[PDB]
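First up is the structure itself, then whatever we jot down about it.
Heads up, the Cβs are rebuilt from the backbone with ideal geometry, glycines too, and the neighbour counts pull from every protein chain shown. Every read-out reported here was derived from the displayed coordinates using simple, explicitly stated rules and does not represent laboratory data.
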Amino acid sequence: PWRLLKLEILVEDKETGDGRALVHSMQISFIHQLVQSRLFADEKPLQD
Amino acid sequence: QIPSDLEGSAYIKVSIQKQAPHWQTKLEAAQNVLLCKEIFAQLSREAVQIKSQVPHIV
């Protein structure tokens, strides 16, 4: 299977997010686990 | 610890064209950023809401 070495979110607005990142690394790591799990589901993986 | 949204430096820039002590520096810069945000909020609200001759674009 595939490993998800680094996931990053490029969506940014430096005003709504109060001069900080839009998504904290906690939530990015959560999505990292979720997409790693659905990679381990072993379908056609890249579409999912 | 300064609030985020107040870091960096900001300044109002006004132009005319024919076209279409360590902590002291930090706290002064953040206070200046706060006042520039206050100024521009006042200006943009008066531009949008107050009816004036030859209206503006914000």
(message) Just to compare against my own numbers: the Cα pair-distance distribution for the protein assembly as shown, 10 Å bins, whole % per bin, please.
(response) 11, 24, 22, 18, 15, 9, 1
(message) Just want to confirm a number: the relative contact order over chain A, from Cα pairs under 8 angstrom separated by 6+ residues, in percent.
(response) 44
(message) Taking 28 Å as the cut-off for C-alpha to C-alpha distance, list the pairs among A:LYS6/B:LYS13; B:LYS26/B:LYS51; A:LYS14/B:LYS13 that go past it.
(response) A:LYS6/B:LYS13; B:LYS26/B:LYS51
(request) Positive end of the charge dipole of the protein assembly as shown (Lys, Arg +1 and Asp, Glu -1 on Cβ, about the Cα centre): tell me which of A:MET26, B:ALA29, B:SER4 has its Cα farthest that way. (result) B:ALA29
(message) So for each of A:29-40, B:29-40 I average, over its residues, the number of other beta carbons within 10 Å; can you give me the resulting order with the highest mean first?
(response) B:29-40, A:29-40
(request) Would you mind giving the mean number of other chain beta-carbons within 10 Å of the Cβ of each residue in A:15-27, as a whole number? (result) 1
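Please give the calculated 222 nm ellipticity per residue for chain B, where each DSSP H segment of at least 4 residues contributes -39500 (n - 2.57) and the sum is spread over every residue; nearest 500 deg cm²/dmol?
The helix contribution divided over chain B gives -17500 deg cm²/dmol.
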(request) Pop the C-beta distance of B:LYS37 and B:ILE57 into the FRET formula with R0 = 25 Å and round what comes out to the nearest 0.05. (result) 0.80
(request) Would you mind computing the Rg to Rh ratio of chain A from its alpha-carbon coordinates, Kirkwood style for Rh? (result) 1.10
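In a shell of Cβ-Cβ distance under 12 Å around A:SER25, excluding A:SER25 itself, what net charge do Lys and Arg (+1) and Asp and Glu (-1) give?
Neighbourhood net charge equals +1.
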(message) Let me confirm one metric for peptide B:3-9, namely the mean number of other chain beta-carbon atoms within 10 Å of its residues' beta-carbons.
(response) 3
(message) On a full-extension model of 0.36 nm per residue, what is the gain between A:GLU43 and A:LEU22, subtracting their alpha-carbon distance, rounded to one decimal in nm?
(response) 4.5 nm
(request) For chain B, state what percent of all Cα-Cα pairs lands in each successive 5 Å bin, counting from 0 Å until the bin that includes the largest distance. (result) 4, 15, 19, 18, 15, 11, 9, 6, 3, 1
(message) Give the average, rounded to an integer, of partner chain Cβ atoms located within 10 angstrom of each Cβ in A:34-47.
(response) 0
